[PDB]
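As structure tokens, the structure follows; a few thoughts come after it.
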Amino acid sequence: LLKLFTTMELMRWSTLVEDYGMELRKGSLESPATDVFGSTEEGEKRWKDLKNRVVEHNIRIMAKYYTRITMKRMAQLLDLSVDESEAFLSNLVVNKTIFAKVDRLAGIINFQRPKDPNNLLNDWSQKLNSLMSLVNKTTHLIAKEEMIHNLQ
Amino acid sequence: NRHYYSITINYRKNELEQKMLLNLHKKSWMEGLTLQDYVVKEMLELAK
């Protein structure tokens with residue numbers, strides 16, 4: 001659970017079947033399994049809410065490497081089909097949690113940010129971040145210089 | 001004018017301090033190490 005909450009570590013869902021389903025193969029407490037996954041029309045919805053977890057939370061771990069992906073690769077990474085991909089694309093785009101834009105002129109599309117919405121921000125971010133770094137540079141290069149030239 | 005005549009006050013040839021006041025004054029009152037500004041464009045947006 002908690003290792004699946006931080007970056008979710010794109011595991012096998014049948015190893016999730018192992019973990020969360022051999023709890024019924026417990027010669028001890030099964031009242032966790034009975035309360036959580038012993039339910040059927042709530043517990044099956046929890047199984048597919050955990051398929052909703054793999055799509056939901058793993059789109060939120062894959063949201064870094066986008067602005068370039070096709071659709072087949074997103075099927076090959078979300079650990080499901082392209083039809084399950086499009087159904088999950090539907091319910092997560094009506095979620096509209098992070099701004100999606102999907103299109104099938106050839107299929108190169110993704111869940112996305114607002115798609116680099118600005119002009120000169122690149123000059124600001126790149127050149128002023130890097131150059132105010134380069135102006136803090138000399139101010140602590142004199143630091144390093146004096147501290148190492150005390151001795152040698 | 002009664003009871004008082006003023007005295008003359010000039011300010012010394014103070015280059016022994018005016019030197020270093022000038023030097024710190026302009027070596028400091030422009031961006032310190034002077035690599036600071038070298039804010040640039042959204043101030044131009046508001047200014048235009």
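Following the order of the structure tokens, chains are lettered A, B, ..., residues in each are numbered from 1, and ligands are numbered from 1.
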
Per residue of chain B within 9 Å of chain A, record the nearest atom pair and its distance in Å to one decimal, counting only C-alpha atoms, with rows in chain order and ascending residue number, as a tab-separated table.
```
residue	atom	partner	partner_atom	distance
B:33	CA	A:139	CA	7.5
B:34	CA	A:135	CA	8.9
B:35	CA	A:135	CA	5.6
B:36	CA	A:135	CA	5.7
B:37	CA	A:132	CA	8.0
B:38	CA	A:131	CA	7.8
B:40	CA	A:124	CA	8.6
B:41	CA	A:120	CA	8.1
```

- Which residue out of A:116, A:60, A:142, A:130 has the minimum interatomic distance to residue 98 in chain A when only C-alpha atoms are used?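 Going through A:116, A:60, A:142, A:130 one by one, the smallest distance to residue 98 in chain A is for A:60.
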
- Fewer than 2 positions away in the same chain doesn't count, so skip those; otherwise give me all residues within 12 Å of residue 53 in chain A, counting only C-alpha atoms, as a VMD selection string. chain A and resid 1 4 to 5 7 to 8 10 13 16 45 to 51 55 to 61 78 to 79 88 92

- Query: So how many Å separate CA of residue 65 in chain A and CA of residue 108 in chain A, to one decimal?
  - Reply: 13.3 Å

- Of the candidates A:93, A:102, A:109, A:11, which shows the shortest atom-to-atom distance to residue 70 in chain A, using only C-alpha atoms? A:109

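Close contacts of residue 112 in chain A, defined as residues with an atom at most 8 Å away when counting only C-alpha atoms, with chain neighbours fewer than 4 positions off set aside, comprise residues 63, 66, 67, 98, 99, 100 and 101 of chain A.
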
Just to be explicit: take each residue in the selection above, keep N, CA and C atoms, and write the result as a PDB file, in the first residue's frame.
```pdb
ATOM      1  N   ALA A  63       3.246  11.723 -15.692  1.00  0.00           N
ATOM      2  CA  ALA A  63       3.008  13.089 -16.153  1.00  0.00           C
ATOM      3  C   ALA A  63       4.276  13.903 -16.402  1.00  0.00           C
ATOM      4  N   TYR A  66       5.857  13.355 -20.496  1.00  0.00           N
ATOM      5  CA  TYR A  66       5.007  13.647 -21.632  1.00  0.00           C
ATOM      6  C   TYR A  66       5.457  14.894 -22.372  1.00  0.00           C
ATOM      7  N   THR A  67       4.501  15.455 -23.131  1.00  0.00           N
ATOM      8  CA  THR A  67       4.533  16.396 -24.258  1.00  0.00           C
ATOM      9  C   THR A  67       4.972  15.656 -25.523  1.00  0.00           C
ATOM     10  N   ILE A  98      -5.722  17.355 -14.528  1.00  0.00           N
ATOM     11  CA  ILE A  98      -4.598  18.039 -15.158  1.00  0.00           C
ATOM     12  C   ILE A  98      -4.889  18.051 -16.654  1.00  0.00           C
ATOM     13  N   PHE A  99      -4.646  19.195 -17.306  1.00  0.00           N
ATOM     14  CA  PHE A  99      -5.281  19.532 -18.582  1.00  0.00           C
ATOM     15  C   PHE A  99      -4.888  18.641 -19.761  1.00  0.00           C
ATOM     16  N   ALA A 100      -5.792  17.742 -20.139  1.00  0.00           N
ATOM     17  CA  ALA A 100      -5.551  16.783 -21.205  1.00  0.00           C
ATOM     18  C   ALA A 100      -5.946  17.350 -22.562  1.00  0.00           C
ATOM     19  N   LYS A 101      -5.365  16.770 -23.615  1.00  0.00           N
ATOM     20  CA  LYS A 101      -5.676  17.164 -24.988  1.00  0.00           C
ATOM     21  C   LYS A 101      -5.311  15.987 -25.888  1.00  0.00           C
TER      22      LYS A 101
END
```

Quick one: DSSP alpha helix (DSSP H) residues in range 79-136 of chain A, as an mmCIF file with C-alpha atoms, in the first residue's frame?
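Contents of the output file result03.cif:
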```cif
data_model
loop_
_atom_site.group_PDB
_atom_site.id
_atom_site.type_symbol
_atom_site.label_atom_id
_atom_site.label_comp_id
_atom_site.auth_asym_id
_atom_site.auth_seq_id
_atom_site.Cartn_x
_atom_site.Cartn_y
_atom_site.Cartn_z
ATOM 1 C CA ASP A 83 -9.736 0.239 -25.100
ATOM 2 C CA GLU A 84 -9.294 0.264 -21.325
ATOM 3 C CA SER A 85 -6.946 3.171 -22.010
ATOM 4 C CA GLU A 86 -9.664 5.099 -23.840
ATOM 5 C CA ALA A 87 -12.303 4.385 -21.179
ATOM 6 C CA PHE A 88 -9.864 5.552 -18.498
ATOM 7 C CA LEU A 89 -8.958 8.534 -20.702
ATOM 8 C CA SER A 90 -12.678 9.335 -20.760
ATOM 9 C CA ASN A 91 -13.286 9.200 -17.013
ATOM 10 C CA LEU A 92 -10.023 10.995 -16.208
ATOM 11 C CA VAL A 93 -10.631 13.697 -18.804
ATOM 12 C CA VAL A 94 -14.068 14.328 -17.313
ATOM 13 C CA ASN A 95 -12.119 14.357 -14.072
ATOM 14 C CA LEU A 121 8.989 32.593 -19.428
ATOM 15 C CA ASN A 122 11.619 30.418 -21.118
ATOM 16 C CA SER A 130 20.820 29.954 -14.717
ATOM 17 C CA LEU A 131 22.299 33.457 -14.687
ATOM 18 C CA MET A 132 21.240 34.365 -11.166
ATOM 19 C CA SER A 133 22.803 31.030 -10.331
ATOM 20 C CA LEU A 134 25.869 32.341 -12.188
ATOM 21 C CA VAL A 135 25.764 35.558 -10.135
ATOM 22 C CA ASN A 136 25.483 33.659 -6.867
#
```

- Work out how far CA of residue 38 in chain A is from CA of residue 54 in chain A, in Å to one decimal.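 Separating CA of residue 54 in chain A from CA of residue 38 in chain A is a distance of 20.9 Å.
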